[PDB]
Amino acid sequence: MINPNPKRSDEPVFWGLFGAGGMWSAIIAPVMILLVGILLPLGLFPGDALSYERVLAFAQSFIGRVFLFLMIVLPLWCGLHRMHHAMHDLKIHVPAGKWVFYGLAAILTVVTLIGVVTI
C-alpha cells in the first residue's frame, strides 16, 4: 500500500531558489515598486535624480549590473514556482506544467543576463 523504495524528489533545487527569491522580494521589492511604479511616472523626485541620464549611469556600472539582474531574476523563480502549485491547488490540469513554468523562468533569466551585459 506504501512503496518501500520511493524516488528522491528533485524539489530541493526549485525550493532552494524559491527561498532566496522569496527573501530578496520580501526585503527589497517594496521600495523598488515605489520608485519604478509610482515615483518615476508621477515625477515625485528631487531634481535630476531619475532622469534617463542618471538611471543609465547606475545601470551601466558593475554594482547596478548585478543588482538589476537579481531584482528581476530572483522574484520570478519565487513567483513562478508558486503558480505551478496554484494550478495543482485549483485542480487545473496543465500538460508538462513543470517544464512550462521553469521553462519560462530559464528563458527570461537568459533574456535578462543578455540585457545586463548590454545589447
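We number the residues from 1 along the sequence you see.
The deposited model assigns a higher average Cα B-factor to 48-56 than to the other stretch when 76-84 and 48-56 are compared. Among the modelled residues of its chain, residue 70 has a C-alpha B-factor that falls in the lowest third, as given in the PDB entry. When the modelled residues of the chain are ordered by their C-alpha B factor, residue 63 lands in the highest third. Annotation for residue 95: C-alpha temperature factor in the highest third relative to the rest of the modelled chain, per the entry.
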